[PDB]
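For reference, the chain that follows is the form deposited in one PDB entry, supplied as structure tokens.
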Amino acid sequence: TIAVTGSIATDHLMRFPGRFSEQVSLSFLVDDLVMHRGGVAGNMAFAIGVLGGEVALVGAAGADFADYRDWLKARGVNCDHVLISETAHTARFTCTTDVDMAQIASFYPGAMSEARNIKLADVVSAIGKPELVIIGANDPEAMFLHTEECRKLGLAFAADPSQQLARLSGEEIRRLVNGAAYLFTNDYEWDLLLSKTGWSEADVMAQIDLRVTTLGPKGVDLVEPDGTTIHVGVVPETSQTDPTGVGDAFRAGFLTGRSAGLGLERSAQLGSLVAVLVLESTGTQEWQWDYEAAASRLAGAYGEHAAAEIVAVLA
């Protein structure tokens, strides 16, 4: 049972047929506008639920959340512990993506700031101790309070400060990482974390059980504290549609694999499949789970043996 903390949002996603390069008073004429379910925690919970995992969504939203709640419950997500603001609306992410997948976005937190009033102890009282708590991008104070509570209650946690790493200080980042079962970042964020914390590579690896570093088109690295390193290439895409939520999808597939007993490489192969399915769609939760297509693309990228091992835990 995975508890996913982080943002819950509505994503307003637009497509610019040009290149931001070519273009202060910027104006982009866009040819697509769609409104979809979002937030890092909603995205990850959705994917874990669709894949058959046991998952609870823990974050703050507005009263407008009813339909999103029904959507997620239909996919097996426990939404009992979503804090509903008395006054604020669910966060909104507004993003324009150009033909090269570059992005210009604005994020309005809304009810997300109230996540600092959530107590993981209440979740535990309701459903028991989760096997893993994901600490995703969120209200910063909530990110700290949740990490501290995980340590105090003895809950394994994944440090997943993607989008907030630029806003956090070195000390704040250090406080999010120590003792993590997993640290997730992309490659740029990893260099940034090292610069801001003042930690060396070895300093970090001595405080976590596993580093997971995504590399965009180059795939993903899984690095253990003893240096053992697994590199998994991407599942090659047939389209680049919209990059929003691809990292969330990787994490959800990887952690669902781990929850089902798969090893590190197989779990990262599953995560790579979910990631490409999101890259090939516009919303973050608009992809469909087709068991046969999953088995096929996993086999084409990684071999029939790996594919069979993975889908065996998804049927």
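For every residue, the number given is its place in the sequence shown, counted from 1. Each form is matched to the other, and the largest set of C-alpha atoms that superpose within 1.5 Å is called the rigid core.
What comes next is about the form deposited in another entry, which is not displayed.
After superposition on the rigid core, the single residue among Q164, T185, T97, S85 whose C-alpha moves by 2 Å or more between the shown form and the other one is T97. Taking 2 Å as the criterion, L264 does not count as shifted between the shown form and the other one: its C-alpha moves by less than this amount when the rigid core is aligned. A movement of the C-alpha atom of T229 falling short of 2 angstroms is seen between the shown form and the other one when the two forms are aligned on their rigid core. Relative to the superposed rigid core, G300 undergoes a CA displacement smaller than 2 Å between the shown form and the other one.
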